[PDB]
Every structure is written in C-alpha cells, then in structure tokens.
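> would you be able to build a 3D model of this:
(6 chains)
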Number of protein chains: 6
Amino acid sequence: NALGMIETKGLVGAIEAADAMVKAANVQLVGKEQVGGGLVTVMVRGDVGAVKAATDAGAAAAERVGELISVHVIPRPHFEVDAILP
Amino acid sequence: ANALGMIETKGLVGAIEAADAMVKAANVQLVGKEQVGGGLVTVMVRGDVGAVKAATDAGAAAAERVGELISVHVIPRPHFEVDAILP
Amino acid sequence: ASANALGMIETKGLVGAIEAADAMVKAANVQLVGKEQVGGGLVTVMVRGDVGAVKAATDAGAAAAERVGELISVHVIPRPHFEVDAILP
Amino acid sequence: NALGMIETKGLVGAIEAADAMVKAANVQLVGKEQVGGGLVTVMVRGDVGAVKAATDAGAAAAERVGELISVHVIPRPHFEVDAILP
Amino acid sequence: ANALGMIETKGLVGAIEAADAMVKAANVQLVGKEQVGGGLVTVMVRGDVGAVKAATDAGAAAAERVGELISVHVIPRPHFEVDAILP
Amino acid sequence: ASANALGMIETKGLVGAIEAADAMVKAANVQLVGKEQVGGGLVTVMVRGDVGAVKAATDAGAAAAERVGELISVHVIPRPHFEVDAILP
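Numbers count the residues shown, from 1 in each chain, chains lettered A, B, ... in the order given. Please see the structure below:
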C-alpha cells in the first residue's frame, strides 16, 4: 500500500502525470489536490514496485508538458496519513 | 469522442479566448474550466482525436494572442480513472 | 447562431477592474455580467451586448484600467459560441 | 454617492485604511474584498468631498503600516457597478 | 476592552506562534485569523489598549523568530463599522 | 492550565508536507490533527501530543521535509493556550 505523489506547477502537467501513472502499472489514482500557488499534486496507491514504475512514468510525462516540481514514493505510509490525502 | 485537449493560461481572458477558438475550430465539446491559483486557468475539451488536435492547436494560438500561454496537451485516450479528477 | 458579444478586461488588482467596469457601462449600452478572480491578484470584468456597443465599452474600460496602472489583457469576442457562453459569470 | 477605494497588499493595511477613512469624514464602509495574491481592497461611499478626504486619510495610514497599492475615487459611479462591490 | 491588535505573517506557523505569544503576554482576547492569499495570514486580538500594545509587541517578536513578519499594528479605538470586516 | 503540545511543519508544496506528516507519526505517539494551506503553495501539517513525543515527531518531520527540498518553518509550542487551540485544524 505504497503512496506515490507527483507535484506540478499547473493542472495540465498533473493530469498528464496522473494518466501516465495509472497506465504504467497496477496503481489506483487516489485523487488530486490543489494547494494554491499553482501547485497541483496527484497521488496513487499500490504495491511499492508498481508505484515506483508509475511515478517514474508520470514524472517523465509531467516534465514534457509542464513543470515537474517533485516526485516521491512513500513505501509504507502510516495509517494516519490517509486523513490528509484526497 | 474520448480524446482530451487542455490549455492552461495565466489569466482568465486567455483561457476564454482559447475555449472559444477551440469550439470554433473543430467539433469538440467544452467540458469545463479549472482554476488552481497563482492565476493559472485551464480549459478542457473532449472529442475525437483529430478534432481535439486541431482545436487545441487553434486554442493555443488564440491564447498566445491575448494573454500568456503556459501549457498545451492532448491525451488521445485518457484512462478511465482520469475522468474523476476533471472539471 | 451565436451568443451576444463579449468584452473582457483583466487587471492586476480590483481597483483597476472597478474603474474599467465603470467606464465600460458609461461608454455604451452594455450589461455588466460580473467579475471573476483567479488568484495572483488577477481580476476580470466582463460585459455583454451588441458588437459595436461592446467594442466601444471595452475600449473605454481598457483606457481606464491603463490610467490607474493595472491592465493585463483586453479582448472582444464578437460572436461567442454558446458552449463558451456557458462558462462565463 | 461617490465611491472611494484603497487596495493594499495585506489585510492589516486594509483594516488601518478602512478605520482611517470612516474616522476622517462622512463616509460609510461598503466592505472589503480579497481577490487573491494578497491584495485586499476596502471601499467607502459618500459625497465626493467626503470621499476625497477619507481616501487621502486612509491612503496615508495604509502606507505607514503596510503596502499601499492603489487609491482612487469614482465621483459618480454608474448603478451597474454596485453589482460587483462587497 | 476595545483596542485591536493585528499581526500579519507570510505563512501559518508564524501566525500561530504570534497568536500564542499574544495571549500569554497580556490579557487580550484572540478574535480570529484571516487568510488573504499569497501566503499572508493575519491574527487579531482585542483588549484594553495597554494590554494590546504589550501583546502585539510580544507576538511580533515571536513571529520574527519562527517565520516571516509582514505587518504589525494596533488600533486603540476602532470605528464601529470596522468590526464588520473583522474575522 | 494548558492544551496539549503542538508541533507544526510548513513546506512549500504538498509533497513535502505529506513526507513530514508521515515521518512525524512514525517517530512518536502523536495525533496528526490536520493540514492547512494558505496560498502561495505553503502547506502546514500539525501534530498534538505529550511534549517529548511532539518534539521527537517534529524533529523527524523537519528532517523529512528538508530531504525533499520543501522546508519553510518548524516549531513546537509545548504548552499552548486554549484560545489558540481554538484556531487550529
């Protein structure tokens, strides 16, 4: 139940990232969050290997259409963290 | 009619002009606009792949004329889970 | 078929937008249909009417915004499609 | 029925402006608007002379505690403009 | 107990530390916080003039320690119409 | 009397905040009480608990935020007044 996250400056890069992630591997899109300042984060859940593959694909995609700001995976997130996810 | 075209501008005027140019350039459907702060506005259309490419190219040119274009992209066949984060 | 003409003025700041709006409705027989704000301090005011009225209004509004130092964008769409009409204030 | 407007970057300057305006002359506070980007506008209504006096006082005050961005008076605003005021 | 003290910071942490320092420095009442975008957060207290001056000075020092202070001001006797635009 | 200790981490970006939050709750017995966003991309995550637990959590969270490049502010208030408690998530 790993968590993968990609943050972009702009919604277009985030949607491209999200689409590339769920196409690339056996992950599920948890949703998107807009925190202001133009930053948009999209997130997926799945096995750690699938989430690594998905986030690599998403980050490559975001970078080509937009502004990749960050990409990270948390392999075993703590249950409380779900409270602040989309 | 599943392809998705997206145009993002800094400013609303650019996005409205983009949306109007899109729907006039080809038979595509305007599905909404989203604002994410810092002035960034995105407008999106759906349609068949060819129409969406033509529309998004036209929209991008229109946004460049009146405003500030930030991003332009077409996804020919979005994953079904992606529909759930669209406006 | 097309929807009524649309004139739009975008300013950095609300004061410029209100000055623009006031000048627009004073200059011509147009309807002020609202304002929208998209962050970063950008505010857009919009009018609808006949094409000539909207052109005259928007030119007056742009001048007023530029006078007080706020003008980012100005544009008229003489014959907007209804699809777009549907995403306006 | 003149309209006076002061825009500041920050709420503190706007509240100081508003307080100084209504203290300075026979004007009424219409309200405040926050348009994003940190910009806050406060507005008053009254006779043109009162609104000129009020806005001068408010602008002087905003400048001392904060960031005055703009100050302007519209002497005879058109009725449609009320639709987009606070 | 009508005086108004206001502290504005870029960032929420600075504002929370300011608010805590204010209410600990003197007998003043925290009346709320407001966010106006671009990261700017304002916290406000009410109290008697002396207390509010002391509290706001303490709050400002606390905000400077942990964050970014933007503005600090005390209005001893706000106009009654000003209450209507406060949080 | 005072309310439970409070630890806060502010980051530029949500990814840094989630990394911080995860590290905080992993490092100590604290309650994650929420996140707040105030524009400009700034996100704050907060935990409550006993003072020592909150100190340990917040130190772990700050490290994690700094590792991924996002850290703006970090602070613990060991004994917050309830008035403040009242304006938190």
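> within range of chain B, give me the residues from chain A.
A:9-13, A:15-16, A:18-19, A:22-23, A:28-29, A:31-32, A:34-40, A:42, A:65-66 (CB under 8 Å from any CB of the partner chain). To be clear about C-beta, it is placed using only N, CA and C from the backbone, and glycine gets the same treatment.
> the residues you listed also near chain E: which ones?
Within the residues of chain A next to chain B, those near chain E by CB under 8 Å from any CB are A:36-37.
> next step: the residues of chain A next to chain B restricted to helices.
Those of the residues of chain A next to chain B mapping onto helices are A:11-13, A:15-16, A:18-19, A:22-23, A:65, per DSSP state H.
> now the buried members of the residues of chain A next to chain B.
A:9-13, A:15-16, A:18-19, A:22-23, A:29, A:32, A:34-40, A:42, A:65-66 (16 or more other CB atoms under 10 Å in any protein chain shown).
> near chain D at all, stretch A:28-47?
No: Stretch A:28-47 lies apart from chain D when judged by CB under 8 Å from any CB; the minimum separation is 9.0 Å.
> and the end-to-end length of that stretch?
Terminal residues of stretch A:28-47 are spaced 10 Å apart (CA to CA, to the nearest Å).
> gap between whichever residue of chain A sits closest to chain B and residue B:76?
Evaluated by CB to the nearest CB, chain A has residue A:38 as its residue closest to chain B, separated by 3.3 Å. Note on residue A:38: its distance to residue B:76, by CB to CB, to the nearest Å, is 26 Å.
> one step back: from the ones in helices among the residues of chain A next to chain B, which two are the most distant?
Farthest-apart pair in these is A:11 and A:23; separation 18.5 Å (CB to CB).
> distance of residue A:73 from chain E?
Look at residue A:73 and chain E: by CB to the nearest CB, to the nearest Å, they are 27 Å apart.
> separation between that residue and chain D?
Residue A:73 is 33 Å from chain D, by CB to the nearest CB.
> looks to me like that residue is in a helix.
No: secondary structure of residue A:73 (DSSP: H, G, I helix; E, B strand; the rest coil): strand, not part of a helix.
> what about it, how many residues close to it?
Neighbour count of residue A:73, defined by other CB atoms under 10 Å in any protein chain shown: 16.
> and residue A:26, by the same measure?
13.
> so where does the closest residue to it other than its chain neighbours fall, helix or strand?
Nearest residue to residue A:26, sequence neighbours excluded (CB to CB, 6 or more residues apart in numbering or on different chains): residue A:50, at 4.5 Å. Here residue A:50 sits within helix A:48-65, counting by DSSP states H and E.
> centre of the chain versus that helix, how much separation?
Per CA atoms, centre = their mean, to the nearest Å, the displacement of helix A:48-65 from the mean C-alpha position of its chain is 8 Å.
> next one: stretch A:58-76
Worked out by CA atoms, centre = their mean, stretch A:58-76 lies 7 Å from the chain centre.
> buried sites along it?
A:58-59, A:61-63, A:65-74.
> I'd like to know how many residues surround the residue nearest to residue A:26.
By other CB under 10 Å, neighbour count at residue A:50 equals 19.
> identify the residues contacting it.
Residues counted as contacts of residue A:50 (CB atoms under 8 Å, 6 or more residues apart in numbering or on different chains) are A:2, A:25-27.
> can I have the buried ones of the residues you listed as a PyMOL selection?
Provided next is the PyMOL selection string for whichever of those are buried by 16+ other CB under 10 Å:
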select buried, chain A and resi 2+25+27
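> save the contacts of residue A:50 as JSON lines, and put in secondary structure too.
Output for those, formatted as JSON lines (three-state DSSP):
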{"residue": "A:2", "secondary structure": "strand"}
{"residue": "A:25", "secondary structure": "coil"}
{"residue": "A:26", "secondary structure": "coil"}
{"residue": "A:27", "secondary structure": "strand"}
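> quick one: which of the contacts of residue A:50 is nearest to chain D?
Distances from chain D to the contacts of residue A:50, taken by CB to the nearest CB, are shortest for residue A:27, at 33.9 Å.
> against chain E, how distant is that closest one?
32 Å.
> tell me the contacts of that residue?
A:4, A:21, A:44-46, A:50-51, A:54.
> how does it look with 6 Å?
Listed by CB atoms under 6 Å, 6 or more residues apart in numbering or on different chains, the contact partners of residue A:27 are A:44, A:46, A:50-51, A:54.
> out of those residues, which end up buried?
Buried among the contacts of residue A:27 by 16+ other CB under 10 Å: A:44, A:46, A:50-51, A:54.
> from these, which two are the most distant?
So for these, where distance means CB to CB, the most widely separated pair is A:44 and A:50, at 8.5 Å.
> now for residue A:21, how many residues are close by?
33.
> test my guess that it contacts residue A:58.
Yes: Residue A:21 lies in contact with residue A:58 (CB atoms under 6 Å); the separation is 4.0 Å.
> what does chain A put close to chain F?
A:5, A:7, A:33, A:35-37, A:39, A:41, A:70, A:72, A:74, A:77-78, A:80-81, A:84 (CB under 6 Å from any CB of the partner chain).
> relative to chain C, which of those residues is nearest.
residue A:36 (7.5 Å).
> any idea what the closest one is bridged to?
Note on residue A:36: beta-bridge partners residue A:39, judged by DSSP bridges.
> equivalent analysis for the one 10 residues further on, please.
Taking DSSP bridges, one finds residue A:2, residue A:27 as the beta-bridge partners of residue A:46.
> gap between it and chain E?
In terms of CB to the nearest CB, residue A:46 sits 32 Å off from chain E.
> same deal with residue A:12?
Note on residue A:12: its distance to chain E, by CB to the nearest CB, is 22 Å.
> repeat that for residue A:34.
Applying CB to the nearest CB, the value for residue A:34 to chain E is 13 Å.
> again, but for residue A:82
22 Å.
> now do residue A:47
For residue A:47, the distance to chain E equals 35 Å [CB to the nearest CB].
> and the residues of chain A next to chain F, which two are furthest apart?
A:37 and A:78 (26.6 Å).
> start and end of stretch A:64-78, how far apart?
Termini of stretch A:64-78 sit 32 Å apart (CA to CA).
> for it, what is the distance to the chain centroid?
5 Å.
> any chance you could list what contacts that stretch?
By CB under 6 Å, 6+ apart, the list of residues contacting stretch A:64-78 reads A:2-10, A:12-13, A:16, A:48, A:51-52, A:55, A:59, A:62, B:71, B:73, F:15, F:22, F:25-26, F:68.
> excluding sequence neighbours, find me the nearest residue to the closest residue to chain F within chain A.
Here chain A gets closest to chain F at one residue, residue A:37, 3.1 Å apart by CB to the nearest CB. Nearest residue to residue A:37, sequence neighbours excluded (CB to CB, 6+ apart): residue F:41, at 3.1 Å.
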